[PDB]
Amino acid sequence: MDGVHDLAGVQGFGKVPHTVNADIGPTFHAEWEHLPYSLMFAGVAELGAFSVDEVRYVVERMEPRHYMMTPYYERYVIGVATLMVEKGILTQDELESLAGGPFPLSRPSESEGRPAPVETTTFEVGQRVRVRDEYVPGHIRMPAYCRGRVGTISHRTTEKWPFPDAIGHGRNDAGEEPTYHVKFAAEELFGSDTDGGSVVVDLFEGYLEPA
């Protein structure tokens, strides 16, 4: 999904609000901030109502201006609440009645997702690969800066996981595939407009093809 959450490479932001080893305060800076992760865990592992990938996608689905003005932990309060309504567990009426006011949610999904690709290749360390030049409107774990770009495999995972473009929509056909650490030169991703050296992206097999 080419949403505003795909921030890598965007220009115009100011300083990172930190200097190294500064005091960052307590883990939680308000008494409610442990609730989105804990209730997410409840939803995934106790209720089996959704996957972690569905939580990433429902936050991606926040209306773009709403995403941009909402603090991190609050995005996940909104996301988990949205999934609980979509999955028929909660209603928006009871959330708003208990909250005593408006509780707008993420926007509905405009894509049914896609299955794990049937044709993929098993790459080896050192091979050159290109990120498939594909556009996916639903969830995908490919940041656009690497779409269509070429890099080199530095690692193939020894474990395998469901394809996010499927499981992030609750689909039954996510299969399992390994992922690959793909090393890109900075200039391959940003031309002359970068000060870095290399970037490594951890890409599912189904996002890649031989170069």
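Just count from 1 along the sequence shown to find any residue number.
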item	value
23-31 versus 175-183 - greater average Cα B-factor per the deposited record	23-31
Comparing 5-13 with 196-204, the one whose average Cα B-factor in the PDB entry is higher	196-204
Residue with maximal Cα B-factor (values as given in the PDB entry) among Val80, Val125, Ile140, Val131	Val125
Identity of residue with top Cα B-factor, from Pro115, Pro108, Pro102, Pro71	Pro115
Lowest, middle or highest third - CA B-factor, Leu39	middle
Among modelled residues of the same chain, the CA temperature factor third for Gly148	highest
Chain third (lowest, middle, highest) by recorded CA B-factor, residue given as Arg156	middle
Modelled-residue ranking by C-alpha temperature factor, third containing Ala166	middle
